[PDB]
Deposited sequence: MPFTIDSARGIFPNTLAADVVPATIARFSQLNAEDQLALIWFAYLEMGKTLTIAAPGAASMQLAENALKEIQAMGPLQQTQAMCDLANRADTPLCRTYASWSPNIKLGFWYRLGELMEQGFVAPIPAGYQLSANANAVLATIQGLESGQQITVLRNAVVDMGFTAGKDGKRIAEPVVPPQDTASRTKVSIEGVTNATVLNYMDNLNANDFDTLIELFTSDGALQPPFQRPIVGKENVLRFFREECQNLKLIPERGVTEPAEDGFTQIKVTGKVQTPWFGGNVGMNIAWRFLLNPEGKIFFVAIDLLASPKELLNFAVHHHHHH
């Protein structure tokens, strides 16, 4: 068993690879078209889905950068946004790249509010997308909400020129914690994984892993080793709600066990308004430690 070979467990699992396909098409676009397309997608999505407000701490971390942009003239504001989209090498792009995804998202949330108000240069009036851009937006608007928000998030995270993160919130009080139930699955490691993540208890969660174990987020390469996985939990995985439904348990090579669970996950950005269809694919060693876990965004509810 290697981490990279483990990526192949449960090969029947149909991931929503339209997401990275769409991000790839988006990434080809002219920067102004990238910005306008997201503006359009954002505006129309906002008619039925409300984005949660960025946290106070996140806003403080992005404040300096936001103030600099607000102080610029309109042409310069537009240029700064194009710089981010083009991944140009500028001080602002370097600052942006140092930020965790949540801080990047909160930065754009605020710019969006300011553009709506006319305090930061808006997308030009009557702007029409390029041929390729119009098709990309059409694709996005045809996707399930869980896929739409993943496309938008990944586009945002990709910006800037490549560590600052929000403070780590204390774990949930033990007596207040809920426990998940999974049809077919009573495996203690899997249950403890879900329960500890739901309680933001990253120190306990990381102890479930082998020293060389990995976690693979949707459409990303495996994050390998306890140090890197713990960093990822602390920077990116706060305040999720995992709602696993059902699973299946099978023996693997060398006394290992492989378990696939399907269910839903909510991000604090949208709460119960977007339930993403997710699979977890675990490979556990003979002692029950996590050697590998992959988290996949599923192609449709037909994959649960």
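Asks: Enumerate the deposited-sequence segments absent from the coordinates, judged by C-alpha atoms, in order of position.
Replies: Several stretches lack coordinates - namely 1-2, 165-170, 313-323, in sequence order.
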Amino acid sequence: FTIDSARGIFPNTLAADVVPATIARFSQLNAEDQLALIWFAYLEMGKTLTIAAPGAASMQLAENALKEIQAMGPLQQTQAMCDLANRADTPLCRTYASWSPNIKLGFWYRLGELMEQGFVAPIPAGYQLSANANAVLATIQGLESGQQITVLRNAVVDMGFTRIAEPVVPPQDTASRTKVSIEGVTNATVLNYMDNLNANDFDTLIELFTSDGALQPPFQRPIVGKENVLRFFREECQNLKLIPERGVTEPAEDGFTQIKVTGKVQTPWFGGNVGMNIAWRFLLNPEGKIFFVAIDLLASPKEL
From here on, numbers count along this sequence of modelled residues.
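Asks: Tell me which stretch has the larger mean Cα B-factor in this entry, 11-19 or 283-291.
Replies: It is 283-291 that shows the higher mean C-alpha B-factor.
Asks: Mean CA B-factor: is it higher for 209-217 or for 74-82?
Replies: Mean CA B-factor is higher for 74-82.
Asks: Hey, out of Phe161, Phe107, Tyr193, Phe232, whose CA B-factor is highest in the deposited coordinates?
Replies: When the deposited C-alpha B-factors of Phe161, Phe107, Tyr193, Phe232 are compared, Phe161 is largest.
Asks: Say you rank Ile51, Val261, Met276, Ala41 by Cα B-factor from the PDB entry; which sits at the top?
Replies: Max CA B-factor in the entry, restricted to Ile51, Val261, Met276, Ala41: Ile51.
Asks: Quick one: classify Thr189 as lowest, middle or highest third of the chain based on its Cα B-factor.
Replies: CA B-factor rank for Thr189: middle third.
Asks: Lowest, middle or highest third: where is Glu245 by C-alpha B factor in its chain?
Replies: Bottom third by C-alpha B-factor.
Asks: Grab the CA temperature factor for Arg153 from the record and place it in the lowest, middle or highest third of its chain.
Replies: Lowest third, going by the recorded CA B-factors of the chain.
Asks: Among the modelled residues of this chain, does the Cα B factor of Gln34 put it in the lowest, middle or highest third?
Replies: Within its chain, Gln34 is a lowest-third residue by C-alpha B-factor, going by the deposited values.
Asks: Hey, what third does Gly112 fall into on Cα B-factor, ranked over its chain?
Replies: Its C-alpha B-factor belongs to the middle third of this chain's values.
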